[PDB]
Structure formats: C-alpha cells, structure tokens
Amino acid sequence: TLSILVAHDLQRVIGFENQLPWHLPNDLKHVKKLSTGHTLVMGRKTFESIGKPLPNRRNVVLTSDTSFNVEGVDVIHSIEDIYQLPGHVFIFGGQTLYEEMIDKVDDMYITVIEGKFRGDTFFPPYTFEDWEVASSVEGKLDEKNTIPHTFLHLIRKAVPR
Ligand SMILES: NC(=O)c1ccc[n+]([C@@H]2O[C@H](COP(=O)([O-])OP(=O)(O)OC[C@H]3O[C@@H](n4cnc5c(N)ncnc54)[C@H](OP(=O)(O)O)[C@@H]3O)[C@@H](O)[C@H]2O)c1
Ligand SMILES: CCC[C@H]1c2ccccc2C=NN1C(=O)/C=C/c1cc(Cc2cnc(N)nc2N)cc(OC)c1OC
C-alpha cells in the first residue's frame, strides 16, 4: 500500500519555518501507531527538521544530494524509487512530496487540525468528491492536547460507468 500521512489545518497549512506550527502530542502518537513496523518516505527538509531517524520503522529520504548518508536512513534520488519499496509505504512530507504524490497514493491518513495557524508550507487542495471517508474520529482533548483535531482515513474513489 502507498499512503499519505499528514496533519493540516483548516487552511491546509502543514508547516512553518521547517517545524510543525502546532504542539499536539496526540498526533505524533497517532503517527507512531500507524507507521511503526512500516516505511516512511520524506523529503530532505522534513528529515532535517526531525533531526534523526524515527525508531522501529524504515526511514527513507528523498534528496538530490548524492553525498547524503545518515546511519539508520535509506536514501532515494527519484520519485520512481518509491514504487520499489516493499510493504506499507507512508508519504511523510513535506509540501513537495505531497504535491508529487497526492495523485498517486491509494489512500490518505489525514489529521485535520481544527484551527488557523501561520504557515509557509501547505498540503495541496483536494475534494471529498474524489475521496471516501473510510473513517473520521475526533481526537480527545486534555491538558497536553488542547487543539481540536480529527483523524481522517480517506480512500480514493473509483470513477465508474
Ligand atoms: N503537518 C504534517 O503532517 C507535515 C508532514 C512532514 C513535514 N511537514 C513540514 O513540511 C515543511 C517542509 O516541506 P518542504 O516542501 O519545504 O520540504 P520537503 O518536502 O520536506 O523536502 C524538500 C526536499 O526533498 C527533495 N525532493 C523532493 N522531491 C524530489 C525529487 N523528485 N527528486 C529528488 N529530490 C526531491 C529535495 O531535497 P534536496 O534539496 O536535498 O535535493 C528538496 O529540496 C516543513 O515546514 C515541515 O515542518 C509537516
Ligand atoms: C509519540 C511518539 C512521538 C514520535 C515517535 C517516537 C518513537 C518512535 C516513533 C515515533 C513517531 N513519530 N514521533 C515524532 O516525534 C514525529 C515528529 C514529526 C512528524 C512529522 C510528520 C508528520 C506529523 N504529523 C502527521 N499527522 N503526519 C506526519 N507525516 C513532521 C515533523 O516535523 C516537521 C515531526 O517533528 C515534530
């Protein structure tokens, strides 16, 4: 399977100054649960922002940098390389990767952050006309998680007739 994994706000902001605009531990927990034991594909900037590989899954970084070498990280230099990765592959960001992959993925795991943040990077526009809501679950709010958010699993609709 090839899936998008992303959190975006009400205006599709995903990032600001190479960081997530929001502090929302529950979403990182969500990401962890979905991707553990599988594969994450991310652009070079997204990787540098995280700083190191995420434990207990395959970390793949797309970059044109042929000198790129990081212990625990696998490197690719082409979008086409993604299709050769075995197992469940999650497109993990950032804007460039999403733009390149949104027309190609089977489904998307989207956390809608129910707020308006300042951003400098965005998820591409999409329409629910094209995407079936396989599930929609409200995130629980509390001390550490104070921004309303919704976990969507969207699956690409087939064009019939
Ligand atoms: N809210 C979310 O769920 C979510 C998910 C992850 C990231 N984000 C965020 O998204 C932002 C960054 O997005 P971004 O677009 O500016 O950077 P990015 O997509 O993470 O990575 C950009 C880079 O990946 C490369 N790349 C992309 N396509 C390539 C291709 N076809 N062939 C070779 N290399 C390719 C390049 O690396 P080189 O320049 O080294 O060649 C490129 O400059 C941040 O603010 C960050 O925090 C948020
Ligand atoms: C609860 C544990 C936290 C932890 C972790 C620890 C150990 C092992 C695995 C993981 C799984 N991911 N975890 C992270 O810190 C990831 C953080 C992160 C991620 C994303 C990607 C992402 C962000 N959000 C969404 N919805 N999609 C996404 N694709 C982007 C980031 O910066 C731009 C991140 O840094 C803040």
# chains A, B, ... in the order shown; residues from 1 in each chain; ligands from 1
>>> residues_near_ligand(ligand="ligand 1", cutoff="6 Å", atoms="only C-alpha atoms and all ligand atoms", output="JSON, numbers by chain")
{"A": [6, 7, 8, 14, 15, 16, 17, 18, 19, 20, 42, 43, 44, 45, 46, 62, 63, 64, 65, 77, 78, 79, 92, 93, 94, 95, 96, 97, 121]}
>>> select_by_dssp(residues="chain A", states="strand (DSSP E or B)", output="PyMOL selection string")
chain A and resi 2-9+13-16+19+39-43+58-62+73-76+89-91+107-113+121-122+131-138+149-156
>>> select_by_dssp(residues="stretch 51-154 of chain A", states="alpha helix (DSSP H)", output="number ranges by chain")
A: 95-101
>>> atom_distance(atom1="atom CA of residue A:106", atom2="atom CA of residue A:1")
6.7 Å
>>> residues_near_ligand(ligand="ligand 2", cutoff="10 Å", atoms="only C-alpha atoms and all ligand atoms", output="JSON, numbers by chain")
{"A": [4, 5, 6, 7, 8, 14, 15, 16, 17, 18, 19, 20, 21, 22, 23, 24, 25, 26, 27, 28, 29, 30, 31, 32, 33, 34, 35, 36, 37, 40, 41, 42, 45, 46, 47, 48, 49, 50, 51, 52, 53, 54, 55, 56, 57, 90, 91, 92, 93, 94, 98, 109, 110, 111, 112, 113, 151]}
>>> residues_around(residues="residue A:139", least_positions_apart="6", cutoff="7 Å", atoms="only C-alpha atoms", output="ChimeraX atom specification")
/A:148-151
>>> residues_around(residues="residue A:116", least_positions_apart="2", cutoff="8 Å", atoms="only C-alpha atoms", output="list in words")
residues 9, 10, 11, 114 and 118 of chain A
>>> write_last_selection(atoms="C-alpha atoms", output="CSV table (one decimal), in the first residue's frame")
chain,number,residue,atom,x,y,z
A,9,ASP,CA,-5.1,22.9,9.5
A,10,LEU,CA,-8.3,24.4,8.3
A,11,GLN,CA,-6.5,26.2,5.5
A,114,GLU,CA,-9.3,22.4,13.6
A,118,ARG,CA,0.5,30.9,10.3
>>> closest_residue(among="A:107, A:127, A:146, A:122", to="residue A:13", atoms="only C-alpha atoms")
A:122
>>> atom_distance(atom1="atom CA of residue A:161", atom2="atom CA of residue A:105")
22.3 Å
>>> residues_around(residues="residue A:85", least_positions_apart="3", cutoff="12 Å", atoms="only C-alpha atoms", output="number ranges by chain")
A: 1-2, 38-41, 58-60, 74-76, 79-82, 88-91
>>> write_last_selection(atoms="C-alpha atoms", output="PDB file, in the first residue's frame")
ATOM      1  CA  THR A   1       0.000   0.000   0.000  1.00  0.00           C
ATOM      2  CA  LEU A   2       1.050   3.591  -0.658  1.00  0.00           C
ATOM      3  CA  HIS A  38       6.438   0.066   8.116  1.00  0.00           C
ATOM      4  CA  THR A  39       8.152   2.638   5.874  1.00  0.00           C
ATOM      5  CA  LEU A  40       8.248   6.438   5.933  1.00  0.00           C
ATOM      6  CA  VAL A  41       9.261   8.398   2.831  1.00  0.00           C
ATOM      7  CA  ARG A  58      12.204   2.181   7.847  1.00  0.00           C
ATOM      8  CA  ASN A  59      13.232   5.798   7.239  1.00  0.00           C
ATOM      9  CA  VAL A  60      13.640   6.746   3.582  1.00  0.00           C
ATOM     10  CA  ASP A  74      17.882   4.833   3.467  1.00  0.00           C
ATOM     11  CA  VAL A  75      18.291   7.303   0.610  1.00  0.00           C
ATOM     12  CA  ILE A  76      16.493   7.587  -2.716  1.00  0.00           C
ATOM     13  CA  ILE A  79      10.138   9.680  -7.047  1.00  0.00           C
ATOM     14  CA  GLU A  80      10.131   6.499  -9.132  1.00  0.00           C
ATOM     15  CA  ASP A  81      12.276   4.825  -6.463  1.00  0.00           C
ATOM     16  CA  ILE A  82       9.277   4.947  -4.117  1.00  0.00           C
ATOM     17  CA  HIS A  88       3.186  -0.372   3.501  1.00  0.00           C
ATOM     18  CA  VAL A  89       4.763   2.944   2.495  1.00  0.00           C
ATOM     19  CA  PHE A  90       3.709   6.260   4.037  1.00  0.00           C
ATOM     20  CA  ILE A  91       4.398   9.554   2.279  1.00  0.00           C
TER      21      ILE A  91
END
